[PDB]
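Trainee: pasting the structure only:
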Ligand SMILES: [Mg+2]
Ligand SMILES: [Mg+2]
Ligand SMILES: [Mg+2]
Ligand SMILES: [Mg+2]
Ligand SMILES: [Mg+2]
């Protein structure tokens, strides 16, 4: 049993017609202190999977090393390591999910909420969640922390059920994700303007976008707001 | 302090027929006031004509089902591909649950299938492994909303035959699979109206001598 | 300071008359005429707006007052006494009825409350 | 919350962020923490929003009744009324208030009233959760008798840093300028101050 | 405690105050918080003195045994050993360590390791109770590829402010310069830095 | 410990076609111990009926209080109180004890004498009105009652059909609650006649 | 105090109350009468916290006696029980509540009927054919449920009461030092001196 | 369990132990023998936490019986009491201590003397002319201090023991359902079946 | 609960869901959360349901008396001031969280009030357990110079986000529109997207199914003449 | 819960209720509170259901291994002590058990051992365990005799559970009866308390307070 120290906030994600999108800001908070502004919380595994992690950053770095070690281990005595016997998103997730549940069962959890986004060998979209309790679930949209409360409602307006996935394009899906990141910047006190976004498409592969910023923000109306009730000036 | 348990909501319902059995459960998965997933399967086909669900804390629920499925696999290896009877599965699950007596699987487990005489069977477990064969059993969040209704409509409790005035009970006539599914659907529709954690979808697994069949139905998403 | 008049200023005279009440009625008699007529499908109340000066805006001085949405009042006698009675009548319709029963009082009961206030000024210290 | 008040040559300027949080949720991202108790006596509010609003409203009442009888009150008088409320009710209040005002006789004055209910007259004052991160900056960069443009830059740069590091602070930088000329409101948006 | 490490053109400089307190009593006013784990790999210590000394001693042992077998270790390697101890024993440690070192290949490098046991490579790092008060100042005044004299002034001015506001920090400002030329110790007394 | 589940018991109320029905169990207990099988929880003031679950001393106290208040109401108004008005009175009376409340779950039922409209209402311990069209539930088996009522209920039932629905809703809910049962009573209320029926049920 | 029983038979009410008074470690008395006569045909037994029990009982006694003098009339057992309930209901939301449970056995001279009322410290009143307070009912009610009849004589009621006391003396860990039994009927209140 | 007494007279040791076994609310048994024969001339009575008492007593019994067979020789009461004390002294610093108090009454065949040893759960041994555990001594010791003589007969010891039990039955709140009395002398151990 | 308020061109609109809950149990499936303080000053409440109802009735009562006393139509700032000073006095023990909106001679207004007595001004606001879902929608679609039709659409969409995504909110959408120089229009059950589907079976019992011990006529009538 | 067992001329009567509750919620009315350890031994269930089920089923396995090794029926004393020694090892861990181990052998005759999760092991003639034990004890104590017939003894056990089922809120549902003889136990059926109550009320004349 511990308490989280340096933390990462919301990770958000959704399925679209040919793959999955996942995004997370580049902030490592230290309580209310916005300590580290250059933290990458989306970690790609191969060319077909991206693991997005929130919560304790020291545990994230540990998980990051486990995944790096997993790729090395898979390549051992494996001529098809870059082909038929390459790591799948489903393999990577199940491994993490096992670790998360084992660790919670020893009363020493990895203090995280993880979303594994990827595309399988047969082109199927993979999107599944796991957290410090070892709880797992899948959905057309998935989000951690504040994202669950604010991002999901917006993303679910695009893909409300399974049948909406083939109707959703990458441009529409990316637009929804980028808007959700703006909303989280407005309303989450532990978020930053800078973020990373990753798209895993079955045709165009893994596209990893760094150094993105929240833009087209509405603040002008603030000038008109005066006082807290009766004050006119 | 770290709390290793959580509540993922959900409600499940097992009913034993004359020559069949059904195990139903909603597909909604939640934490607190948020919805994690509108479709997250909760009732599972475990092989050997047995269906299972472990409702409550989803991580422990998944762990138990996984371990039981594994137990079925190794039962085949060790005992010449012998079919695991529902009563044997039930006793095996008791030992899995009681194995963690002092750090329990925080779930209410129900399995369903057919006994060795071909009759419908449902077994119900508490978190630490006490179990019993039962005709009718709702589990989870809206269990208190469903069971009284089932006492009345399945077992005909408090119902008497008109004219006699409390002297002759209503006879316990056998229900068909179509009749049971109606009561299951109405139970979950009612539970959805009055319980916030119940909704989205209803998935029913029907077990007969022919095998395991699935049926899905929409529920209110609010 | 302190209100040291804790005794009744209205008392029975040897003849059985309550002087101050009689004299109050005399003040009402000097007051401007007001009337009320009840119809089958309504009630009407009316009075003259005796303007003290032509420079005065008689619209601001309201002799006829809404007590509840379904109850109205008019008077004859001393205007200031009326004005405070209307304020008390409006408040008592809420405090001793609407805040209890969630509805406005019936005419007779609101009248009863107003009557009680006027009775107390006839016996209190 | 990040708030400050700075005296300069022509008078005094009050500065504040616009973020109000309930835990990690931003309940209001366009809050106005610069509030008026008299024509040219304003205050910056930090701590319990309910408490500081209740206090400010009472002070405004007191100074309004003061003005009706004795004419315009001094900035010192306003600070005293704030202090009296904060000190006497210290057990039931979580309020950190900076009082700033402009007289013609005394010119720009700044008083800070922390949790305890004490009063401290200063050339400038900083307060709120975000103030911790700019004690070093403000102490190194503050000068007495600055111009209006210099003081606006000082407050803008200071609160910019406070906002950058404090998660509890953010949104727009509001400012109120108090001089003989009158009362001027200013606002500065994220795209302006973040790039500084 | 106020500690920092800053990379510059010729390498890296570690800076620290010298105050160690037991409550409000200054147990040691001339503490040396800049400690050596290898010839040109040093660290700044904050948190539990027992823990950070125990950790530093173990790291020095590890890097000494490393050197015997594999030659001079990288600054990254040293930071990794620190991290491994701090992360794996996070339940029983209260340690906040900044690791700074000079290679010829990599030049000046700075790594910070906060309570959790995470690692963060930075151009410069600040830590300790007094660091809170100079986040604003350091962010505004830091430049990459500074000269030796500029970096010494930056650290001196920064820790001067940290000491000024933090009661837990104080005494002398110790510094250690790590370059190709070698290892240079510097010290700056109250009469020097207070008047800045 | 929990005042609302020391004594136990339940009340349910339903609307029908030109009629209302209100019903209650008869149990009073001291936690596990059964004390009385004749503790009726439904009272009436004129044609307005009031069921009260919860702490038994408060059930008794509030009945005496509303008898008190409706009697004075009648003397001054020169007419019997109506269900809509009484509901507001119950709400006001509970909220005036906001920071020291009666631990009860009241249920109003009746027909407006002038309009003939069937009316039911429920309250939390503190006075918040729940004015439902279909049904109101209260007591230690309220979850069970919600489940029974939600499935069994259909609108515009005739008095003699409504009796069967509310009776079966109560009985089967009480049989799934340890602190409810030991007999039951059902009131069938029409504009100018009221029938009261005691039900036969298991006595465990 | 510990055990207080009550049983209403055909033409009378019988109250049995334990004699023991224990103050933690020692039994200070074994002849304590846990009852007060409220009026000639109304008796109240009591059990609860020390001091409160007697203080309450005597306070009620004084009030009923005051009413008897003022009106020159004896209140019905129902009226007395309602008065007592209100005092306890008033008490439970006080600064320091009376921690007292009572049984009120009375004979209504108007209706010519015996009446037994059970009231706990919360103000929970119930009219019963037989009653108890605390743990006493747990041992005795199964016997009373079995044997009780509404047309029992006073002698039969006493026999059933002896069986209840015997079961208490067997299965209760505490020694309550036997019981004092009193009968309330049309002729008034009298004590059964041999039991 | 509750009350266990012991008294060493001229030529024997008398142990009196209560018969009651209570499980919180109910008295489950009223004929329980809270003693074990360790050897032909050594008897141990016991009282303490449930389960531990009998588990401990039987464990001691087995060990003394084992010693008796191995050496074909009966250990002296002093030797047995020392062995028992060490087990309890070992127990008190264990993960879960035995919560058991014992009296060891024995007749030393070598010295031709009766011996009574009192040992509590901490391993506190004392040799006494008369002893008790728990609250039993508070009621009985004043009587034993007064009447006891080292040259008492077995019949006189029983009379003094009856007086102790009578005082317990009067002033103790708990009903311990009387006592089983056993005498340990040169001829061995026997039970006084009427008491 | 999900409640929202949205300013527009010539007025303000408030909206709310219609679910009231007892823990996880739905007590009323069509609750009315839009309360009237005065004819053209309405508010929506969240938190302790009795407190929101009680505090609006009390202030609404005092507002009416004040309106009669001053011969002026009531102002929103008066309702705001009276609410906050009352709630502040009780230090959060009165669990009322309100969104107050209305029109008056000064203009159109929108405020929020928290249980401890703090108030906020805004063009768009949301309160309740579904406030985060609702605020996400408001932050995504709100703009300056909204029309009446756009504000109703935005407000109801914000409530829907709460209805679907928040378990504490559900059933229907209530709306009230307060435009300047007009009567406020209360739109009860403006949207009804959660009607229960027809059941698979009728559970109407045969008459005489229930066992009965006794029957009797209850005397509801007064004491009779003769 | 209410469970009882008593020794008499014809062997042992075992009687239990059938109700299971989680707080106020009645989880089941059809619970089996008699564990059929083997054809000769019975065990009652009170406190923790899983603890009783698991360990008394386990006890049956140990009894089977005993008579395989020793070629002889295990004694009731030996069987009960295997269980008590086991739970005593777990003492402190939080096991919840209150059971009667009942049997009839040649050397012992009809024997009942009360076994507890505190480690208590008591031989006795009459035992009642559960939340409704006090009610059952009253009916037993007043009507019990050694020279009861098998018919009357069965009724006494049935009537005593009924007494508890009525008064105790956490007891009821139905009554399960067993009669233990030297040749093995004999099941005497499930008896719904709802139907049994009215039947007993009418035939016996008891429960006059209750309106029927
Ligand atoms: Mg919802
Ligand atoms: Mg240490
Ligand atoms: Mg210093
Ligand atoms: Mg019962
Ligand atoms: Mg064993």
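Mentor: That came in fine, so what should we check first? Numbers count the residues shown, from 1 in each chain, chains lettered A, B, ... in the order given. Ligands and ions are numbered 1, 2, ... in the order given.
Trainee: residues of chain C that sit close to chain I?
Mentor: C:62, C:66, C:87, C:90-91, C:94, C:98-99 (Cβ under 8 Å from any Cβ of the partner chain). For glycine as for every other residue, the C-beta is placed from the backbone atoms N, C-alpha and C.
Trainee: list the residues that contact residue 133.
Mentor: No chain specified, so I'll use chain A. By Cβ atoms under 8 Å, 6 or more residues apart in numbering or on different chains, residue A:133 lies in contact with A:100-101, A:104, A:109, B:4-6, B:57, B:59.
Trainee: looking at chain J here, not the other one
Mentor: Neighbouring residues of residue J:133 by Cβ under 8 Å, 6+ apart: H:25-26, J:2-4, J:164.
Trainee: please apply the same query to residue B:39.
Mentor: Taking Cβ under 8 Å, 6+ apart as the test, what residue B:39 contacts is A:139, A:161-162, B:27, B:200-201.
Trainee: returning to that earlier point: out of the contacts of residue A:133, grab the one that's most surrounded.
Mentor: Using other Cβ atoms under 10 Å in any protein chain shown as the neighbour criterion, residue B:59 leads the contacts of residue A:133 with 26 neighbours.
Trainee: would that residue count as being in a strand?
Mentor: No: assessed with DSSP: H, G, I helix; E, B strand; the rest coil, residue B:59 is helix; it does not lie in a strand.
Trainee: now it: closest residue in space that isn't a chain neighbour?
Mentor: residue A:134 (4.1 Å; Cβ to Cβ, 6 or more residues apart in numbering or on different chains).
Trainee: for chain E, see how far away that neighbour is.
Mentor: 20 Å (Cβ to the nearest Cβ, to the nearest Å).
Trainee: now swap in residue J:82 and tell me
Mentor: 42 Å.
Trainee: check whether that residue sits in a helix, strand or coil.
Mentor: Following three-state DSSP, the label given to residue J:82 is helix.
Trainee: the strands in the chain, which residues?
Mentor: You didn't say which chain, so I picked chain A. A:6-8, A:11-15, A:19-25, A:28-30, A:33-36, A:42-45, A:49-56, A:112-119, A:125-131, A:136-138, A:141-143, A:194-201, A:205-213 (DSSP state E).
Trainee: if you could check chain D rather than the one you did, that'd help
Mentor: D:3-7, D:11-16, D:20-22, D:25-28, D:34-38, D:41-47, D:95-102, D:108-113, D:120-122, D:124-127, D:173-179, D:182-188.
Trainee: can you check chain C too?
Mentor: Using DSSP E, strands in chain C cover C:34-38, C:43-47, C:65-68, C:71-73.
Trainee: which bits of chain I sit near chain J?
Mentor: I:213-214.
Trainee: and what of chain G?
Mentor: Residues of chain G lying near chain J (Cβ under 8 Å from any Cβ): G:128-130, G:135, G:138-143, G:145-150, G:163, G:167, G:170-171.
Trainee: let's see that with 10 Å instead.
Mentor: Within reach of chain J by Cβ under 10 Å from any Cβ of the partner chain, chain G has these residues: G:128-130, G:135, G:137-152, G:163-164, G:166-168, G:170-172.
Trainee: are any of those buried, and which?
Mentor: G:128-130, G:135, G:137-149, G:152, G:163-164, G:167-168, G:170-172 (16 or more other Cβ atoms under 10 Å in any protein chain shown).
Trainee: next step: these restricted to helices.
Mentor: Mapping these onto helices (DSSP state H) picks out G:137-147, G:163-164, G:167-168, G:170-171.
Trainee: longest helix anywhere in chain G?
Mentor: helix G:52-71.
Trainee: sorry, back to before: of the contacts of residue B:39, closest to residue I:128?
Mentor: residue B:200 (21.5 Å; Cβ to Cβ).
Trainee: report the buried residues of stretch F:94-102.
Mentor: Neighbour counts over stretch F:94-102 (16+ other Cβ under 10 Å) mark F:94-95, F:98, F:101-102 as buried.
Trainee: possible to save the residues you listed as CSV with distance to residue F:109?
Mentor: Below are the buried residues of stretch F:94-102 laid out as CSV (distance: Cβ to Cβ, whole Å):
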residue, distance to residue F:109
F:94, 17
F:95, 21
F:98, 25
F:101, 22
F:102, 19
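Trainee: tabulate the residues you listed (TSV), appending secondary structure.
Mentor: Output for the buried residues of stretch F:94-102, formatted as TSV (three-state DSSP):
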residue	secondary structure
F:94	helix
F:95	helix
F:98	coil
F:101	coil
F:102	coil
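Trainee: what does chain G put close to chain H?
Mentor: Counting by Cβ under 10 Å from any Cβ, chain G sits next to chain H at G:2, G:20, G:22-28, G:30, G:135, G:138-139, G:169-177.
Trainee: nearest to residue B:145, out of the strands of chain A?
Mentor: Across the strands of chain A, closest to residue B:145 is strand A:136-138 (Cβ to Cβ), at 24.1 Å.
Trainee: and that closest one, what does it pack against?
Mentor: helix A:89-105, strand A:112-119, strand A:125-131, strand B:29-31, strand B:34-37, helix B:58-78 (3 or more Cβ pairs under 10 Å, 6 or more residues apart in numbering or on different chains; DSSP states H and E).
Trainee: deepest of these, which one?
Mentor: strand A:112-119 (a mean of 27; mean count of other Cβ atoms under 10 Å in any protein chain shown).
Trainee: check chain I for the residue nearest chain C and tell me.
Mentor: residue I:61 (5.1 Å; Cβ to the nearest Cβ).
Trainee: list the buried residues of the helix or strand where that residue lies.
Mentor: Per DSSP states H and E: residue I:61 is located in helix I:49-70. In terms of neighbour count (16+ other Cβ under 10 Å), helix I:49-70 has its buried residues at I:49-64, I:66-68.
Trainee: type out the PyMOL command that picks the buried ones from the residues of chain G next to chain H.
Mentor: Selection of buried members from the residues of chain G next to chain H for PyMOL, criterion 16+ other Cβ under 10 Å:
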select buried, chain G and resi 2+20+22+27+30+135+138+139+170+171+172+173+174+175+176+177
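Trainee: including neighbour count, could the residues of chain C next to chain I go into CSV?
Mentor: CSV is the format used below for these (neighbours: other Cβ atoms under 10 Å in any protein chain shown):
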residue, neighbour count
C:62, 13
C:66, 13
C:87, 14
C:90, 21
C:91, 16
C:94, 18
C:98, 18
C:99, 17
